[PDB]
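In order, the protein sequence lines correspond to chains B and A.
Quick note on numbering: the first sequence equals residues 6 to 410, 431 to 461 in the authors' numbering.
Numbered continuously in the authors' numbering, the second sequence closes out at residue 462.
Using N, Cα and C, we set each Cβ at its ideal position, and we do this for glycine too.
Structure, as structure tokens:
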Amino acid sequence: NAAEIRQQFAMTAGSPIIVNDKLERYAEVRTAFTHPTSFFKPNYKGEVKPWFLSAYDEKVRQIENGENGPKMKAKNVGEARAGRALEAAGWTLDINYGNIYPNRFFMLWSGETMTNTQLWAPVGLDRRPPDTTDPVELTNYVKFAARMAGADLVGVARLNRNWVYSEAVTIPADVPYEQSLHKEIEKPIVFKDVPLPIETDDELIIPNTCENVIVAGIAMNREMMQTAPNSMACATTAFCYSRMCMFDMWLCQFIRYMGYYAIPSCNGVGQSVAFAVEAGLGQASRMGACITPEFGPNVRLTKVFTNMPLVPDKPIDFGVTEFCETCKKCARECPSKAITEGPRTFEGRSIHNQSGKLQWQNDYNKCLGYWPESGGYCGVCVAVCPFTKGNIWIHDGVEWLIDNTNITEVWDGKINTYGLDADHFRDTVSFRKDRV
Amino acid sequence: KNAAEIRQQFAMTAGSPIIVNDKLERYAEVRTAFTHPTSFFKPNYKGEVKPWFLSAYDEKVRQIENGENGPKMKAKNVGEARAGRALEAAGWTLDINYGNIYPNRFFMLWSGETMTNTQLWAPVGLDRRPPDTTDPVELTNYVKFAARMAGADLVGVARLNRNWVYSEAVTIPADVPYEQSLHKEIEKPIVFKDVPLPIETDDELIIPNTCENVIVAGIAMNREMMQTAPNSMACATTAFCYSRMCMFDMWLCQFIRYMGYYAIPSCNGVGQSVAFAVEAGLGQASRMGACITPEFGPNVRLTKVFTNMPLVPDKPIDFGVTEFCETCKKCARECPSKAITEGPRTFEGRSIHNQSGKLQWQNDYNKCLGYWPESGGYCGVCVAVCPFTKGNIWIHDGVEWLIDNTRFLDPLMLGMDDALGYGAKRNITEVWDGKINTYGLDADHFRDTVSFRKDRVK
Ligand code: SF4
Ligand code: SF4
Ligand code: SF4
Ligand code: SF4
Numbered sequence: 006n007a008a009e010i011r012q013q014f015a016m017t018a019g020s021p022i023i024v025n026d027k028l029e030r031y032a033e034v035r036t037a038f039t040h041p042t043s044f045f046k047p048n049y050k051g052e053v054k055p056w057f058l059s060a061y062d063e064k065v066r067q068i069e070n071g072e073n074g075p076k077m078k079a080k081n082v083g084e085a086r087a088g089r090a091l092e093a094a095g096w097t098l099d100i101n102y103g104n105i106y107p108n109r110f111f112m113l114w115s116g117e118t119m120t121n122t123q124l125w126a127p128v129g130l131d132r133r134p135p136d137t138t139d140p141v142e143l144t145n146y147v148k149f150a151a152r153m154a155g156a157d158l159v160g161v162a163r164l165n166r167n168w169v170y171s172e173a174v175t176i177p178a179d180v181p182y183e184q185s186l187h188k189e190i191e192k193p194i195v196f197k198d199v200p201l202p203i204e205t206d207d208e209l210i211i212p213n214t215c216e217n218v219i220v221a222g223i224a225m226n227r228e229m230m231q232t233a234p235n236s237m238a239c240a241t242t243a244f245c246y247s248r249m250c251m252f253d254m255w256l257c258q259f260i261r262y263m264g265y266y267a268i269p270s271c272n273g274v275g276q277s278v279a280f281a282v283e284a285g286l287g288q289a290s291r292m293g294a295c296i297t298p299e300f301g302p303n304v305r306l307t308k309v310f311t312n313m314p315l316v317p318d319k320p321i322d323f324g325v326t327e328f329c330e331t332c333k334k335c336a337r338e339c340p341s342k343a344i345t346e347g348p349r350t351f352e353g354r355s356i357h358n359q360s361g362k363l364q365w366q367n368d369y370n371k372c373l374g375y376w377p378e379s380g381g382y383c384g385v386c387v388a389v390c391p392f393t394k395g396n397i398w399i400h401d402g403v404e405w406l407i408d409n410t431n432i433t434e435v436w437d438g439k440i441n442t443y444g445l446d447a448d449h450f451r452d453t454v455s456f457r458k459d460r461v
Numbered sequence: 005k006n007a008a009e010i011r012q013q014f015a016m017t018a019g020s021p022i023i024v025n026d027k028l029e030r031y032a033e034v035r036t037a038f039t040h041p042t043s044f045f046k047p048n049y050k051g052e053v054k055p056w057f058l059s060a061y062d063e064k065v066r067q068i069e070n071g072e073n074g075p076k077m078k079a080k081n082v083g084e085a086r087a088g089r090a091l092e093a094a095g096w097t098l099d100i101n102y103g104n105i106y107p108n109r110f111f112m113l114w115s116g117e118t119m120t121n122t123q124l125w126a127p128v129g130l131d132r133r134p135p136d137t138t139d140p141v142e143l144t145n146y147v148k149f150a151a152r153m154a155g156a157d158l159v160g161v162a163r164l165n166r167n168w169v170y171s172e173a174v175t176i177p178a179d180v181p182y183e184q185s186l187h188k189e190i191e192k193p194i195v196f197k198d199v200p201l202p203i204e205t206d207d208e209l210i211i212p213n214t215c216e217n218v219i220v221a222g223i224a225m226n227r228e229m230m231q232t233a234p235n236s237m238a239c240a241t242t243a244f245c246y247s248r249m250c251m252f253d254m255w256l257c258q259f260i261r262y263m264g265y266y267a268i269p270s271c272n273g274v275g276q277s278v279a280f281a282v283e284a285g286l287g288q289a290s291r292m293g294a295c296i297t298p299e300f301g302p303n304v305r306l307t308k309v310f311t312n313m314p315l316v317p318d319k320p321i322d323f324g325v326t327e328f329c330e331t332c333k334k335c336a337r338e339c340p341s342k343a344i345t346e347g348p349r350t351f352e353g354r355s356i357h358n359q360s361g362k363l364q365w366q367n368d369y370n371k372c373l374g375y376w377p378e379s380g381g382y383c384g385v386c387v388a389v390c391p392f393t394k395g396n397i398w399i400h401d402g403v404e405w406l407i408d409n410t411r412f413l414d415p416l417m418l419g420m421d422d423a424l425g426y427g428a429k430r431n432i433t434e435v436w437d438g439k440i441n442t443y444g445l446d447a448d449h450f451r452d453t454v455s456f457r458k459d460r461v462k
């Protein structure tokens, strides 16, 4: 069982991320998705375009010649398009691959204008002062709410401001969706003595009272992900981004209706993996993702920031670091050779990494480069990780221990609600005991 | 227990199992208790006549200030009472005015053209590309797979029966913004014409004659929370599943469109969900009026998508519900408003809220809605006490599967269930402190809804 596993590998209170003096907050524009030097990539006819447009070309090409991925032939043209139809559908509740613009579209920093809030205004739940201030009872309430909202994993940590972007990528408040990509701007994220989260024309302002972050893990489908870098892997990625959006909205509304404020984020606002590691969901790995006991790295992350008093969870150490030191599988299988085979350092490999923190240093410009080549979001590194396999935790009597030992059949094979697997769904059952 | 085995075993021959007569006409959505003049208004606890959801609101606030989780049922404290109502209100985030019934508005868009997702993906042109698949058998496997991805616990296909489609829908005019929606609801006919795509005009909502099929989805509610009916945690699992309903429809409509066909979302709108669910083989109609399923009983919500995509209809199911309801009267006896009849099925509606012309148990739904502002929720006691909800019902004698009527008949088993139900209403704290899992699903029964190709299409 998983509950015993997490208590068994609990650490003493603190932050597991080692930093030095050179650490500064990271500007979101530096990511490979947004940075000028990485944002444009050639398509297969050599034309230089935004990476996802170049990726769209490869998708249309593959469909036309009956492929499910880079020279992976499909059963027929029918199958090939059905995979991309599912992929595209999955993104229904996500803006521009990630929902990163703060206080725009689904990611509103206040609930006041939402249709839900207006409907319930007579009850006045979002104006009534909180009836609970006890962090223990609130931690239980909000974690129960989080599971209702579709989190497979959830944890709580104090907000480490090092991981919050210095400046967010966003769009001007009067720019309609259709013009968004053309008019992306940078906007500073600052902390001040104010009662509520507020956006000026100059700044995104988070109250100094914003003590806590709630991190959620949203499980991807194992069988679909292991078809990486082909289209079914893109499809499970896509559906979970929409599940991410649902989670943030659901949870923010709960937190507001309890009498607090809440800031959603999805892929924006801050660095997810760092928050997740500090909140005890898992450990950082060679590939760069947060690896969890339940799903390995085959899980998506999202985060909510709030002033609601809560109990920080303890970080976890179940041997990921030492195992990644020996295992080189993701690095060896990476089609673009983006993942380092060397040790951890404090020095960023390029503009895309945040310097001043001990991590494995990877070339994310090389990773992005492969996506127009394969016409997707790859995910081979996730697919091949031993932790992603599902039947790897064994009990030797005393302790719990880690035993350190096709698209058509996916469409024709096992599936269940939201792509969850009933063979392992017991691992994420929760009682109050494991909530606080 | 094998759910696939069971559904296989109780499969019928093709043909709508809802039996009707000559006086059956299509039904005006405004006739429901939620909307109609005669039932729409209810007195709050101070005598004041208000719209029912506003009277309910009043009872909610009263319960919070008094530390109550339900009517005359005390919470642990004021904080717990508020938390239950916060969870309820939050759950509704992706739903418009309790049901998303206005067709072609907000989330229920009949075309995908204006959606941010469709615009982002426009260069791939999946919505403009004609289908690469026309074979109904493969399309059935593809769409049920996506439906499961989209959050359905149950999915079935039926040919569309227009008898169950609302003659006129309750909606708002297009130029009206949400903030005024409640104060500007109109009626608007739904017609079937020879047109290529589903379109709305100033006067009509038009569904193409090519619209051949309806896909029906079952969305499972939480057992523990429903057992607290009529208190707040039962409201919460209801609320949350409505948002799940909404996102199912959007996900699935987009998939169908990107496959080269059109799709019409509905949630609680457009047509009668229970009728489609029965014809699509999700379950059987019951005394209380719900569709009862082998996996969840009536503790499940329904939504539906209408589409021209070629599909293999499912066989209807008969696993004995009718015969069981004919002798069991538990919901009728436990219903706080006496809305549910203890009588036999007729073709005659008891009031304007019923559709005359089809054989069913006739209940008085104005009575039902009447209890909602009293308890300050959406009740659901009928669903909570139905033995089909108890999930310990299936048994294999030796040759075949069957329902264990020990649960419907044995006084000891009934005496227990009444005791556990009595405690459940008063044990909200224990729900908060107790078992939960993703989307409120339960891992002990989650295998019941595993699916392979052989059980999606035949
Ligand atoms: S996503 Fe693909 S290209 Fe990027 S690091 Fe992983 S394996 Fe390499
Ligand atoms: S594949 Fe091996 S080295 Fe890479 S992240 Fe997984 S365990 Fe670590
Ligand atoms: S409680 Fe009894 S009569 Fe009512 S729906 Fe359930 S089985 Fe039928
Ligand atoms: S919801 Fe409550 S009042 Fe309405 S029919 Fe069911 S038991 Fe009776």
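Using a Cβ-Cβ cutoff of 7 Å, what residues of the region 52-79 of chain B are near chain A? List them in chain order.
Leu-58, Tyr-61, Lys-64 and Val-65
Under 8 Å, Cβ to Cβ, is there at least one residue of chain B near A/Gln-364?
no
Less than 8 Å between the beta carbons of A/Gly-88 and A/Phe-244, yes or no?
A/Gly-88 places its beta carbon 8 Å or farther from that of A/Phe-244.
For chain A, is any of its Cβ atoms less than 8 Å away from the one on B/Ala-156?
yes
Who are the near neighbours of A/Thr-138 in its chain, counting only those whose CB is closer than 7 Å to its CB and skipping five residues on each side?
Closer than 7 Å at the Cβ level, and outside the excluded window around A/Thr-138, lie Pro-314.
Does the Cβ-Cβ distance between B/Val-218 and B/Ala-126 come in under 8 Å?
no
Flag B/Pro-234 as yes if its beta-carbon sits less than 8 Å from any beta-carbon of chain A, otherwise no.
no
Taking just the CA atoms, how far does B/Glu-299 sit from B/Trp-168?
25 Å
Taking the alpha-carbon positions, what's the A/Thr-39 to A/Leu-186 distance?
11 Å
I'd like to know whether the C-beta of B/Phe-450 is nearer than 8 Å to at least one C-beta of chain A.
yes
So B/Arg-152 contacts chain A; which residues on that side make the cut at Cβ distance below 9 Å?
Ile-440, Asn-441, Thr-442, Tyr-443 and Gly-444
Starting from A/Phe-450, trace the beta strand (DSSP E) in both directions and tell me its first and last residue.
Counting along the chain, A/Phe-450 falls outside any beta strand (DSSP E), and DSSP gives it neither H nor E.
For ligand 2, residues whose Cβ lies under 5 Å from any non-hydrogen atom
Residues whose Cβ lies closer than 5 Å to any heavy atom of ligand 2, listed in chain order: B/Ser-290, B/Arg-291, B/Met-292, B/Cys-329, B/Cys-332, B/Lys-334, B/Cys-335 and B/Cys-390.
For A/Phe-14, verify whether its CB is less than 7 Å away from any heavy atom of ligand 6.
Within the structure as shown, ligand 6 is missing, the only ligands being ligand 1, ligand 2, ligand 3 and ligand 4.
According to DSSP, residues forming a beta bridge with A/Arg-132
DSSP lists no partner for A/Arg-132.
Cβ of A/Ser-341 within 7 Å of any heavy atom in ligand 4?
yes
Within 9 Å of chain B by C-beta, residues of the region 244-259 of chain A in sequence order:
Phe-244, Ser-247, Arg-248, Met-251, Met-254, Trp-255, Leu-256, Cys-257, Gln-258 and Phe-259
Might you give, ordered along the chain, the residues of its own chain that have their beta carbon closer than 6 Å to the beta carbon of A/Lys-46, omitting 5 neighbours on each side?
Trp-56, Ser-59 and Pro-377
In the DSSP assignment, what residue or residues form a beta bridge with A/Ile-22?
None, per the DSSP bridge assignment.
Which residues in chain B sit within 8 Å of A/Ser-455, going by Cβ to Cβ distance?
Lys-439, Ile-440 and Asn-441
Closer than 6 Å by C-beta to A/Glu-204: which residues in its own chain qualify, once you throw out the five before and the five after it? Chain order, please.
Closer than 6 Å at the Cβ level, and outside the excluded window around A/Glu-204, lie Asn-108.
Where B/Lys-308 falls: helix, strand or coil (DSSP)
strand
According to DSSP, what are the bridge partners of B/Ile-194?
B/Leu-209
Quick one: does A/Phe-149 have its CB under 8 Å from some CB of chain B?
yes
Pick from A/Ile-296, A/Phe-323 and A/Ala-388 that is closest to A/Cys-339, judged by C-alpha positions:
A/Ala-388
B/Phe-456 to A/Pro-269, Cα distance in whole Å?
36 Å
Using a Cβ-Cβ distance under 8 Å, would B/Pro-314 count as near chain A?
no
Range of the contiguous alpha helix (DSSP H) that encloses A/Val-159:
Taken as a continuous stretch (DSSP letters only), A/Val-159 belongs to no alpha helix (DSSP H), being part of the beta strand (DSSP E) at 158-163.
Given A/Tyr-146 as reference, the closest of B/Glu-434, B/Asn-145 and B/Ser-171 once Cα atoms are compared:
B/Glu-434
Helix, strand or coil at A/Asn-235 according to DSSP, with G and I counted as helix:
coil
Considering only DSSP beta bridges, list what B/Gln-364 is partnered with.
Beta-bridge annotation (DSSP): B/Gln-364 is paired with B/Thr-350.
Range covered by the alpha helix (DSSP H) that runs through B/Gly-222
Counted as a single uninterrupted DSSP element, the stretch harbouring B/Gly-222 is not any alpha helix (DSSP H) but the beta strand (DSSP E) occupying residues 217-224.
Between A/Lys-319, A/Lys-362 and A/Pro-135, which has its C-alpha nearest A/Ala-18's C-alpha?
When only C-alpha atoms are compared, the closest one is A/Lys-319.
Whole-angstrom distance between A/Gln-123 and A/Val-53, CA atom to CA atom:
46 Å
Interface residues of chain B facing A/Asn-101 [CB-CB closer than 9 Å]
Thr-120 and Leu-124
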